[PDB]
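To start, the structure under review is shown below, and the notes come after it.
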Amino acid sequence: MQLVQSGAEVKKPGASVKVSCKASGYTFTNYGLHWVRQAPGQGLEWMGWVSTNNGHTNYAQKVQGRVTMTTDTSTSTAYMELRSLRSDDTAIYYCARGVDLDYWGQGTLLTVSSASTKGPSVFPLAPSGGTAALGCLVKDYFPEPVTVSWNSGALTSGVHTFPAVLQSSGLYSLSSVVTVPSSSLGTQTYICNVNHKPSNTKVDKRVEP
Amino acid sequence: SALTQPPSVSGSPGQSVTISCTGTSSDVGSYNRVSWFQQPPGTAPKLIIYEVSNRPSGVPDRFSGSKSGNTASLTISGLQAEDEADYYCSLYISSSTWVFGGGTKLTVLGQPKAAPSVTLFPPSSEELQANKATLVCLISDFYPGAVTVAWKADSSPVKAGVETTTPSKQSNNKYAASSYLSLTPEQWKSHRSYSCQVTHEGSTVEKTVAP
């Protein structure tokens, strides 16, 4: 019924990471678990299997020697530790249930980079059919993602937050635009709320004519 | 990926398409626990076939699976637009070991052509005050999902400072993309205008902004 994975991790080369996968809504010890990763734009790659009732493990030749898979039956949680991290370990890591891999967690992003996390700079995109487009430019953050809301979630109609661009700086930018009535400009207040969890930052920006 | 899949397959609604997963007599030819997974963009994989031919409850009947020789095959009999996804096979090869195929991207054709909508923003006062300048070109609601973007300073091609996304599918099954142009405040003030020119299926449309 549920596999819920831990939050995204940002690590330097040579460091270690340990991610987790909490099971619920089924009998934990009745099914083994797998770890499967997926590098950006690439295919699924099986990392290993860990039993929840007999102590056995088996790992992909590729990560043998620097992976450890364990379980904690007190909380129905599986753990995967990966050591001596390299840049191309950067991937989304999934846990999956059982011998056919019938249910998957939502994934944990691991970014391995010499660059540090960086929160965004936010700029207003002022408004110029009876409607106007206004928005927020979310510049130069790392890694993904950012989320954007408008007026703390009170404004939802007509919002389009676009996929990010990865720039030649190695940082990301995106924009969020909302289409509103032109008559509203200067009597309604518009504020974008930008969240960048990797840097533990939140930014509010008022967008005025 | 010790199992080989075609990088891409395509067809039109109602057609049948088969995606192959090819190994050797030592793996696919010797073992029977073949799974297939359907993965929407930005989503976890979903199991849609297990043990070569069985469908998990709820998976549409048009998905079926077979195996012959050293190839396992996923067949979609009567394609629908909602079937667009990446598909993966996997195989259990004893000794607690699983192996995946490389993945296949499935395209379902037949959506009508839709020209892009373009919104272009100039640099903000605030960014200029920070001695930076970004032009923002937002491109939406187009199909098929490919565009090229060129920028002009007055009428001359812009050769530096451009960043453009790959198109991605929107929730309405049309596509979106963004292009950004980085300038100095001095470059932005010094020209009469800048334009974002978007080319879609041979047709070029545009927006222009001026300081």
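Chain lettering (A, B, ...) mirrors the order of the structure tokens, residue numbering begins at 1 for each chain separately, and ligand numbering begins at 1 in order of display.
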Report as a Markdown table: every residue of chain B with an atom at most 7 Å from chain A, its closest pair of atoms, and their distance in Å to one decimal, counting only C-alpha atoms, with rows sorted by chain and ascending residue number.
```
| residue | atom | partner | partner_atom | distance |
| --- | --- | --- | --- | --- |
| B:35 | CA | A:100 | CA | 6.3 |
| B:44 | CA | A:106 | CA | 5.8 |
| B:45 | CA | A:104 | CA | 6.8 |
| B:47 | CA | A:102 | CA | 5.5 |
| B:50 | CA | A:100 | CA | 6.3 |
| B:96 | CA | A:58 | CA | 6.1 |
| B:98 | CA | A:46 | CA | 6.6 |
| B:99 | CA | A:46 | CA | 6.4 |
| B:100 | CA | A:45 | CA | 6.5 |
| B:102 | CA | A:43 | CA | 5.4 |
| B:103 | CA | A:43 | CA | 6.0 |
| B:121 | CA | A:125 | CA | 6.6 |
| B:124 | CA | A:125 | CA | 6.4 |
| B:126 | CA | A:123 | CA | 6.8 |
| B:127 | CA | A:123 | CA | 6.6 |
| B:163 | CA | A:167 | CA | 6.1 |
| B:164 | CA | A:165 | CA | 6.6 |
| B:165 | CA | A:165 | CA | 5.3 |
```
Include N, CA and C atoms and write out the residues we just selected as a PDB file, in the first residue's frame.
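So result23.pdb came out as:
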```
ATOM      1  N   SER B  35       9.304  -8.819 -15.987  1.00  0.00           N
ATOM      2  CA  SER B  35       8.366  -7.753 -15.644  1.00  0.00           C
ATOM      3  C   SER B  35       8.451  -6.650 -16.694  1.00  0.00           C
ATOM      4  N   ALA B  44       7.407   7.642 -10.729  1.00  0.00           N
ATOM      5  CA  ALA B  44       8.012   6.342 -10.476  1.00  0.00           C
ATOM      6  C   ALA B  44       7.478   5.335 -11.500  1.00  0.00           C
ATOM      7  N   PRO B  45       8.298   4.324 -11.831  1.00  0.00           N
ATOM      8  CA  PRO B  45       7.772   3.228 -12.640  1.00  0.00           C
ATOM      9  C   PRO B  45       6.564   2.557 -12.028  1.00  0.00           C
ATOM     10  N   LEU B  47       4.379  -1.170 -12.354  1.00  0.00           N
ATOM     11  CA  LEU B  47       4.363  -2.537 -12.893  1.00  0.00           C
ATOM     12  C   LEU B  47       3.125  -2.714 -13.757  1.00  0.00           C
ATOM     13  N   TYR B  50       3.758  -8.952 -15.244  1.00  0.00           N
ATOM     14  CA  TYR B  50       4.731  -9.738 -14.475  1.00  0.00           C
ATOM     15  C   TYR B  50       4.674 -11.205 -14.936  1.00  0.00           C
ATOM     16  N   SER B  96      19.526 -14.255  -6.642  1.00  0.00           N
ATOM     17  CA  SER B  96      19.070 -12.962  -6.126  1.00  0.00           C
ATOM     18  C   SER B  96      19.529 -11.779  -6.983  1.00  0.00           C
ATOM     19  N   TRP B  98      18.596  -9.225 -10.396  1.00  0.00           N
ATOM     20  CA  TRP B  98      17.657  -8.718 -11.409  1.00  0.00           C
ATOM     21  C   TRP B  98      18.397  -7.849 -12.418  1.00  0.00           C
ATOM     22  N   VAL B  99      17.946  -7.847 -13.673  1.00  0.00           N
ATOM     23  CA  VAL B  99      18.554  -6.981 -14.699  1.00  0.00           C
ATOM     24  C   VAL B  99      17.466  -6.273 -15.503  1.00  0.00           C
ATOM     25  N   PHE B 100      17.716  -5.023 -15.886  1.00  0.00           N
ATOM     26  CA  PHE B 100      16.752  -4.205 -16.636  1.00  0.00           C
ATOM     27  C   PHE B 100      17.139  -4.058 -18.110  1.00  0.00           C
ATOM     28  N   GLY B 102      17.129  -1.358 -21.431  1.00  0.00           N
ATOM     29  CA  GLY B 102      17.493   0.049 -21.530  1.00  0.00           C
ATOM     30  C   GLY B 102      16.390   1.082 -21.638  1.00  0.00           C
ATOM     31  N   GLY B 103      15.150   0.634 -21.842  1.00  0.00           N
ATOM     32  CA  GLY B 103      14.019   1.525 -21.970  1.00  0.00           C
ATOM     33  C   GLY B 103      13.638   1.864 -23.406  1.00  0.00           C
ATOM     34  N   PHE B 121       8.979  38.690 -21.668  1.00  0.00           N
ATOM     35  CA  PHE B 121       9.192  39.716 -20.654  1.00  0.00           C
ATOM     36  C   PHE B 121      10.571  40.329 -20.789  1.00  0.00           C
ATOM     37  N   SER B 124      13.516  43.045 -15.495  1.00  0.00           N
ATOM     38  CA  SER B 124      12.909  43.844 -14.429  1.00  0.00           C
ATOM     39  C   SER B 124      13.804  44.995 -13.970  1.00  0.00           C
ATOM     40  N   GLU B 126      14.397  45.718 -10.957  1.00  0.00           N
ATOM     41  CA  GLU B 126      15.188  45.193  -9.863  1.00  0.00           C
ATOM     42  C   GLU B 126      16.427  44.465 -10.360  1.00  0.00           C
ATOM     43  N   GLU B 127      16.279  43.647 -11.399  1.00  0.00           N
ATOM     44  CA  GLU B 127      17.431  42.915 -11.883  1.00  0.00           C
ATOM     45  C   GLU B 127      18.456  43.887 -12.470  1.00  0.00           C
ATOM     46  N   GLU B 163      19.721  30.462 -23.396  1.00  0.00           N
ATOM     47  CA  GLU B 163      19.452  29.145 -22.827  1.00  0.00           C
ATOM     48  C   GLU B 163      18.034  28.729 -23.123  1.00  0.00           C
ATOM     49  N   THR B 164      17.851  27.540 -23.682  1.00  0.00           N
ATOM     50  CA  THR B 164      16.518  27.090 -24.088  1.00  0.00           C
ATOM     51  C   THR B 164      16.251  25.685 -23.598  1.00  0.00           C
ATOM     52  N   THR B 165      15.086  25.483 -23.006  1.00  0.00           N
ATOM     53  CA  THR B 165      14.730  24.161 -22.501  1.00  0.00           C
ATOM     54  C   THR B 165      14.360  23.196 -23.629  1.00  0.00           C
TER      55      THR B 165
END
```
Q: Please identify all polymer residues within 7 Å of residue A:111, counting only C-alpha atoms, omitting same-chain residues fewer than 3 positions from it, and present them as a PyMOL selection string.
A: chain A and resi 9-11+90-91
For the selection you just gave me, I'd like the residues written to a file as an mmCIF file, in the first residue's frame, keeping C-alpha atoms.
```
data_model
loop_
_atom_site.group_PDB
_atom_site.id
_atom_site.type_symbol
_atom_site.label_atom_id
_atom_site.label_comp_id
_atom_site.auth_asym_id
_atom_site.auth_seq_id
_atom_site.Cartn_x
_atom_site.Cartn_y
_atom_site.Cartn_z
ATOM 1 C CA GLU A 9 20.435 14.651 -0.512
ATOM 2 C CA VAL A 10 23.302 16.820 -1.779
ATOM 3 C CA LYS A 11 26.788 15.382 -1.219
ATOM 4 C CA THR A 90 23.801 11.421 -9.207
ATOM 5 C CA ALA A 91 20.364 9.842 -9.728
#
```
Q | Non-local contacts of residue A:153 (12 Å; only C-alpha atoms; under 3 positions in same chain excluded) as a ChimeraX atom specification | A | /A:147-150,156-157,159,190-194
Q: Write out as a count of residues only each polymer residue whose atoms come within 6 Å of residue B:167, counting only C-alpha atoms; drop sequence neighbours fewer than 5 positions from it.
A: 3
Q | residue B:148 environment, 12 Å, only C-alpha atoms, sequence neighbours closer than 2 positions dropped, as a PyMOL selection string | A | chain B and resi 116+139+145-146+150-151+162-167+177-179+196-206
**Q.** Shell around residue B:110 at 12 Å using only C-alpha atoms, local window under 5 positions removed, as a ChimeraX atom specification
**A.** /B:10-15,79-81,143-144,173
Could the residues in this selection be written to a file with N, CA and C atoms, as a PDB file, in the first residue's frame?
```pdb
ATOM      1  N   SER B  10       6.736   4.122 -32.199  1.00  0.00           N
ATOM      2  CA  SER B  10       5.610   5.015 -32.384  1.00  0.00           C
ATOM      3  C   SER B  10       4.492   4.306 -33.134  1.00  0.00           C
ATOM      4  N   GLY B  11       3.280   4.825 -32.988  1.00  0.00           N
ATOM      5  CA  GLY B  11       2.133   4.379 -33.765  1.00  0.00           C
ATOM      6  C   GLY B  11       0.995   5.383 -33.592  1.00  0.00           C
ATOM      7  N   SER B  12      -0.116   5.149 -34.278  1.00  0.00           N
ATOM      8  CA  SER B  12      -1.304   5.999 -34.201  1.00  0.00           C
ATOM      9  C   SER B  12      -2.388   5.314 -33.363  1.00  0.00           C
ATOM     10  N   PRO B  13      -3.380   6.086 -32.863  1.00  0.00           N
ATOM     11  CA  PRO B  13      -4.461   5.488 -32.066  1.00  0.00           C
ATOM     12  C   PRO B  13      -5.153   4.305 -32.756  1.00  0.00           C
ATOM     13  N   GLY B  14      -5.349   3.239 -31.990  1.00  0.00           N
ATOM     14  CA  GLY B  14      -5.988   2.036 -32.477  1.00  0.00           C
ATOM     15  C   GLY B  14      -5.027   1.020 -33.064  1.00  0.00           C
ATOM     16  N   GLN B  15      -3.785   1.414 -33.333  1.00  0.00           N
ATOM     17  CA  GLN B  15      -2.830   0.467 -33.912  1.00  0.00           C
ATOM     18  C   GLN B  15      -2.245  -0.448 -32.828  1.00  0.00           C
ATOM     19  N   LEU B  79      -3.570   1.291 -29.525  1.00  0.00           N
ATOM     20  CA  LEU B  79      -2.934   2.379 -28.792  1.00  0.00           C
ATOM     21  C   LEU B  79      -3.904   3.469 -28.435  1.00  0.00           C
ATOM     22  N   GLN B  80      -3.699   4.067 -27.266  1.00  0.00           N
ATOM     23  CA  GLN B  80      -4.431   5.271 -26.884  1.00  0.00           C
ATOM     24  C   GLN B  80      -3.416   6.343 -26.525  1.00  0.00           C
ATOM     25  N   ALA B  81      -3.815   7.600 -26.659  1.00  0.00           N
ATOM     26  CA  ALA B  81      -2.922   8.703 -26.329  1.00  0.00           C
ATOM     27  C   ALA B  81      -2.342   8.628 -24.912  1.00  0.00           C
ATOM     28  N   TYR B 143       2.008  21.709 -30.378  1.00  0.00           N
ATOM     29  CA  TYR B 143       2.077  20.307 -30.767  1.00  0.00           C
ATOM     30  C   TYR B 143       2.309  20.249 -32.288  1.00  0.00           C
ATOM     31  N   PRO B 144       3.237  19.406 -32.760  1.00  0.00           N
ATOM     32  CA  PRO B 144       4.107  18.464 -32.056  1.00  0.00           C
ATOM     33  C   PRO B 144       5.095  19.156 -31.111  1.00  0.00           C
ATOM     34  N   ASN B 173      -1.713  17.817 -22.721  1.00  0.00           N
ATOM     35  CA  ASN B 173      -1.082  17.054 -23.804  1.00  0.00           C
ATOM     36  C   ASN B 173      -0.504  17.912 -24.927  1.00  0.00           C
TER      37      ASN B 173
END
```
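The space separating atom CA of residue A:180 from atom CA of residue A:158 comes to 7.3 Å.
For residue B:134, the list of residues within 7 Å, based on only C-alpha atoms and with local chain neighbours fewer than 2 positions off taken out, reads residues 123, 132, 136, 180, 181, 182 and 183 of chain B.
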Would you write out those residues with C-alpha atoms, as a compact mmCIF listing (two decimals), in the first residue's frame?
```
# COMPACT_ATOMS: atom_id res chain seq x y z
CA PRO B 123 14.45 42.64 -17.69
CA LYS B 132 22.05 41.96 -14.55
CA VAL B 136 12.23 35.68 -20.66
CA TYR B 180 16.21 32.97 -21.64
CA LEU B 181 18.59 35.63 -22.93
CA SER B 182 21.27 37.01 -20.61
CA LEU B 183 22.50 40.56 -21.40
```
Q) DSSP on the backbone: what in stretch 141-180 of chain A comes out strand (DSSP E or B), as a VMD selection string? A) chain A and resid 141 to 142 147 to 150 155 159 to 161 165 to 166 172 to 180
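Of the residues in stretch 102-174 of chain B, those given alpha helix (DSSP H) by DSSP on the backbone are residues 125, 126, 127, 128 and 129 of chain B.
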